[PDB]
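Comments concern the structure below.
Just so you know, residue 1 is the first one in the sequence shown, and it goes up from there. Just so you know, ligand 1 is whichever comes first in the structure, and atom 1 is the first atom listed for that ligand.
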Amino acid sequence: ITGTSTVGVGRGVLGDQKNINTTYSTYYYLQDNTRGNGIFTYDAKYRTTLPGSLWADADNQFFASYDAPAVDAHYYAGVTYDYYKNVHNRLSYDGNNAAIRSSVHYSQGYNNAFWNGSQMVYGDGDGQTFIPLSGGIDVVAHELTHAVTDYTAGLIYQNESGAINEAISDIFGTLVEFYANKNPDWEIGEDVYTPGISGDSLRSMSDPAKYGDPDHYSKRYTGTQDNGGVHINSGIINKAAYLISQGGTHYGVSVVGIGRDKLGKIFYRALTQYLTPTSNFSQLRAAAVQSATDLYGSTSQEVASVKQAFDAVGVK
Ligand SMILES: O[C@@H]1[C@@H](O)[C@H](O)OC[C@H]1O
Ligand SMILES: O[C@@H]1[C@@H](O)[C@H](O)OC[C@H]1O
Ligand SMILES: [Ca+2]
Ligand SMILES: [Ca+2]
Ligand SMILES: [Ca+2]
Ligand SMILES: [Ca+2]
Ligand SMILES: [Zn+2]
């Protein structure tokens, strides 16, 4: 909508207070004009028709319980936009400042979030398995990164290319969590997952096997569930990414860590320059080695650590 840009205040899913960019035109709308062609947050009103209604508020204060998922969806979309612009010089998910749209209050008791090809969608959770999923910055950045992938490598969402697709979203979801310095870790979804159980998460990049996901190519899932295990076999790539950044010894192979920033540069270059819709794990290794070579040289420690990490998880 057309109107005057301003700043509102509210509280997010976890009770933290934050400022949010809004637009004033009779109502205050969750429309952020400061980032590209805009960030728009919609109310799905417990239905499944999308996008719903552009979020309208009478007084520019968002402290109601019903407001919390919208505040966080809106705010964390902005942080993720900032990450890609400031760190990778990318303007929104299409590289041309496409508008970012999110809908919250999707369905009833819906324990998931997703990119549907055009926008982000967030359930409120059932209060037991999940609380509203926009409360996790790594979740929001995970979903928005699916849009980046769709507009770049276009990895098909099945089998090995789909597991790469999932891992990319976990990797950059985590790097955004570190970028915002919001209690960062190498776990996925810990802030919104099982509010009754402390210390757990949906997936672990540092130790995928903690939750039964494979940490080595020999342990990959080969069945048909989960589109061929796109959320399961991502653990193999997640572990490799963790080893590249932090280092360690895994199945007897030692990796020297090179840090989060170089991990991000290497995988972003592989995603945007070398990966294709049908890339498999072996081709991801080649893309990451080539990207490390482009950036740091064929004889660099960086190239060495990429090779070691994929050796450690058994990807040749
Ligand atoms: O309080 C909530 C209200 O803000 C929303 O608009 O509709 C559902 C209610 O529970
Ligand atoms: O009002 C929402 C409620 O419907 C849901 O159950 O928990 C999250 C709240 O935002
Ligand atoms: Ca209000
Ligand atoms: Ca965290
Ligand atoms: Ca996390
Ligand atoms: Ca928990
Ligand atoms: Zn995903």
Side-chain angles (χ1 to χ4, degrees), residues 12-16 72 76-77 79-80 83 93 102 106 110-123 125-208 210-211 213 225-239 241-242 245-246 260 263-264 267 271 275:
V13 173
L14 293 170
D16 58 321
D72 280 342
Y76 290 141
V79 173
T80 305
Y83 169 79
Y93 52 85
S102 310
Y106 175 80
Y110 185 71
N111 287 320
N112 222 322
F114 58 91
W115 170 263
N116 79 340
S118 306
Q119 59 157 114
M120 289 178 284
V121 185
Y122 297 98
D126 57 21
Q128 288 273 119
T129 315
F130 282 101
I131 61 180
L133 278 86
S134 59
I137 181 170
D138 53 3
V139 173
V140 172
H142 174 108
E143 305 303 349
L144 191 44
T145 297
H146 278 311
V148 178
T149 295
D150 287 353
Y151 276 87
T152 57
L155 295 154
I156 307 307
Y157 205 69
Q158 65 181 22
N159 302 328
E160 284 197 18
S161 60
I164 297 168
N165 188 326
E166 269 300 302
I168 294 292
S169 279
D170 284 346
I171 289 162
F172 285 105
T174 290
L175 291 176
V176 170
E177 184 173 309
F178 273 96
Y179 170 79
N181 197 23
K182 191 190 173 68
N183 292 306
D185 50 53
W186 294 89
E187 309 291 301
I188 300 300
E190 66 284 345
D191 288 339
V192 294
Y193 186 66
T194 56
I197 301 167
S198 281
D200 66 341
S201 64
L202 197 52
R203 304 183 281 279
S204 175
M205 304 182 63
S206 53
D207 183 16
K210 183 190 304 177
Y211 305 115
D213 295 328
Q225 292 165 340
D226 189 30
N227 291 288
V230 300
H231 296 100
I232 299 167
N233 290 330
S234 61
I236 299 161
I237 301 304
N238 283 347
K239 183 74 187 197
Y242 172 84
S245 182
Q246 304 303 107
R260 293 186 307 274
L263 171 73
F267 268 74
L271 178 67
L275 292 179

Under a 3.5 Å threshold, yes or no: a donor from one side chain and an acceptor from the other, between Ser201 and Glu187?
yes
From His146, does some N, O or S atom reach closer than 2.8 Å to the Zn ion (ligand 7)?
yes
Would you call the rings of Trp186 and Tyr242 parallel, tilted or perpendicular, where under 30° means parallel and over 60° means perpendicular?
perpendicular
Where is the tightest heavy-atom contact between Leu14 and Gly135, given as atom of each residue plus distance?
CD1-O, 4.1 Å
Of all the N, O or S atoms in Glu187, the one nearest to the Ca ion (ligand 5) is O
Heavy atoms, side chains only, cut-off 4.5 Å: are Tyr122 and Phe114 in contact?
no
Protein N, O or S atoms lying under 3.0 Å from the Ca ion (ligand 6), listed by chain and number
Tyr193 O, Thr194 O, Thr194 OG1, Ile197 O, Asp200 OD1
Does the side chain of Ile171 reach to within under 4.5 Å of the side chain of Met205, using non-hydrogen atoms?
yes
Can you check whether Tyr179 and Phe172 have ring centres sitting under 6.0 Å from each other?
no
To the nearest 10°, how many degrees is the angle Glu177 OE1 to the Ca ion (ligand 5) to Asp138 OD2?
80°
Atom name of the N, O or S atom in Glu166 that lies nearest to the Zn ion (ligand 7):
OE2
Working for salt bridge (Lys or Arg N to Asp or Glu O under 4.0 Å), residues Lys182 and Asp16:
CA-CA 11 Å; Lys182 191 190 173 68; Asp16 58 321; 3.6 Å; yes
Between the side chains of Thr149 and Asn165, does any donor sit under 3.5 Å from an acceptor?
no
Tell me whether the Ca ion (ligand 5) has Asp185 as a neighbour, meaning an N, O or S atom of it below 3.0 Å.
yes
